[PDB]
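Quick setup: one chain, the form deposited in one PDB entry, written in structure tokens, and binding and motion questions come after.
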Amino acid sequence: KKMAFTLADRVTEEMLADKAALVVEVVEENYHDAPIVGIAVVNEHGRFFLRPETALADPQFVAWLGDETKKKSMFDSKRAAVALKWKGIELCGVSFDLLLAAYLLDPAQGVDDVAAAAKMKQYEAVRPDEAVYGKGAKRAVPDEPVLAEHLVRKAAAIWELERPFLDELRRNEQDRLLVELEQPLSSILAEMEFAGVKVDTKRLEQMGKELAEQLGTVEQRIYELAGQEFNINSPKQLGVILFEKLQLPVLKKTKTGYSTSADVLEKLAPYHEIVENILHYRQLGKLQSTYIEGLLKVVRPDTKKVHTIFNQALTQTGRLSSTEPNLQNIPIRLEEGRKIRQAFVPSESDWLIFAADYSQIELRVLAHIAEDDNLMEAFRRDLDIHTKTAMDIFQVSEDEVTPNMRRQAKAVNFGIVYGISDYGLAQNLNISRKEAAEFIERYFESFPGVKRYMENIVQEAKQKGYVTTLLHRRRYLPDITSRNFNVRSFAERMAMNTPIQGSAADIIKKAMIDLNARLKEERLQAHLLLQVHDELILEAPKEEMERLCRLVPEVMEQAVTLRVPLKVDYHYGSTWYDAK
């Protein structure tokens, strides 16, 4: 049965009630400077559909949109807020976001549209967006009649589902997480995405030029060493050259054939000169295709900025993700790749990039949650945690710790967080299970509180069916009861890791909210540009750097109070590369 609604030709007062479900539809995946194809409003007076050209030109409607006292319930309000920012219109008063509500209730559900969130509460009187708009090449906005009914049905679903969702969040003790953390954060991410990051395209194009030269040279050397030309970028073709023509040993296989991953190649290097060259080719090729060409493809030519989109409702841990471009994985480990950061510059003359990052926030969080006396004391002394871990597991003094000892202790720490097992650490340390197991055993002997936490959290996940973070985010782990060792083991590692990675995500999100309020109170022009899991990147006038050096670290360090101090390091410079 069709849903009744008014297809309005003009805005009326009853459409501007102080409480309503609102839909501002942006069909394009990337909503930056994208079209708004329709608007739907559902409130106590009825259901309405408005053409965007009409609504967005109406002074009363625009005022209503920007009035914080007029409350709106939506799905993915960031999408609408950003689409509206590009049109110079402010969206305020969003008191409920169904996408974020659904995400907090169960990140694993993968809610990507109103229909999916609605199905969680047995509401199915709304179609999935994909069914209405089609996919990819066939994607298209349907005729007004079909479009209007769909938007009205989505607004109707939001109108009906708000209460049930808030009720469950309340029962889960997640009501404040939604209202005081995720929703306010959504507005901050919208501002960051809209601001964008300026790119020195001339710089990137030059790096690409010289990179192309080097690739050409290495490519030729590889053909020479192989005795023939082939597609180096083809694992299948490369596998034939290495394991058949050159007879290199096969130490690892993939589900489909020979493995040619960097890990395997490093072990084969001593057998043939072609290996080192392939690894070098892989490094430069990655930079060229992904960080030079790929980046240049998404830079807006009129502003020379990239406008990422942060997915706030995707990860099972509470972390954000970044797309088009992904600004959370720009090279930094190797110097050649790190230079790519010289292309990310301040958006204004005489401005600088400021970057602040938490020092070992995940391990500090673990010290707090597990209440491990040894680990807490370590951070209270602000010790080098890897050297300290080495001292304890190997039973040696500080000056007796060798570089390799610290390297292995660091690997244990890198893993301990991710609940890593004997077979997981072994690969990273290129050792055996029995040995790796003894390392973990030694770690627990030194950090008994951590061992107790790992045992207790797994039992809790089994008992409750989920684990939680410091700010009450949750993750259900149904596989925790599986009778399949591998499946159960993974769930166990997730039970151990989620409260750690998840609580660290909670902390930085809270820091972002606190920071934005502080920047406004101080009327600084400085603003957030990016978040990379445990670090915040801002840009500001050079005349604000000294103030930011004291302000940003303090706000980040004071976001939450743990049993151990939080420590933040910071740097600033002319480019993101220099902010080191």
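Heads up: residue numbers just count along the shown sequence, starting at 1.
Asker: Taking the mean of the C-alpha B-factors per stretch from the entry, tell me the winner out of 431-439 and 229-237.
Answerer: Between 229-237 and 431-439, it is 431-439 that shows the higher mean C-alpha B-factor.
Asker: Taking only the CA atoms, which stretch has the higher mean B-factor in the record, 553-561 or 10-18?
Answerer: Mean B over CA atoms: larger for 10-18.
Asker: Determine which member of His45, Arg547, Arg518, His527 has the highest CA B-factor, using the values in the deposited entry.
Answerer: Across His45, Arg547, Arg518, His527, the entry lists the biggest C-alpha B-factor for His45.
Asker: Specify which of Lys253, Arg341, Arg319, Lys154 carries the largest Cα B factor in the deposited PDB entry.
Answerer: Of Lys253, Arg341, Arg319, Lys154, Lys253 has the highest C-alpha B-factor.
Asker: Among the chain's modelled residues, which third holds the C-alpha B-factor of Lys121?
Answerer: It belongs to the middle third of the chain when residues are ordered by C-alpha B-factor.
Asker: So where's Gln531 on the chain's Cα temperature factor ranking, which third?
Answerer: Its C-alpha B-factor, which the entry lists for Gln531, ranks in the lowest third among residues of this chain.
Asker: Going by what the PDB entry lists, where does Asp506 fall on CA B-factor within its chain: lowest, middle or highest third?
Answerer: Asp506: CA B-factor falls in the lowest third of its chain.
Asker: Taking the C-alpha B-factors as the PDB entry records them, is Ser259 in the lowest, middle or highest third of its chain?
Answerer: It belongs to the highest third of the chain when residues are ordered by C-alpha B-factor.
Asker: Looking at the C-alpha B-factor of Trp159, is it in the lowest, middle or highest third of its chain?
Answerer: Middle third - that is where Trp159 ends up once the chain's C-alpha B-factors are sorted.
There is another form of this protein, the form solved in complex with a small molecule, and it is not shown here; the text below is about that form.
Asker: Determine which one of 153-161, 204-212, 176-184, 344-352 lies within 4.5 Å of the small molecule in the deposited bound form, judging by heavy atom distances; exactly one does.
Answerer: It is 176-184 that comes within 4.5 Å of the partner.
Asker: Taking heavy atoms only, is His472 within 4.5 angstroms of the small molecule in the deposited bound form?
Answerer: Taking the distances in the deposited bound form, the answer for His472 is yes, it comes within 4.5 Å of the small molecule.
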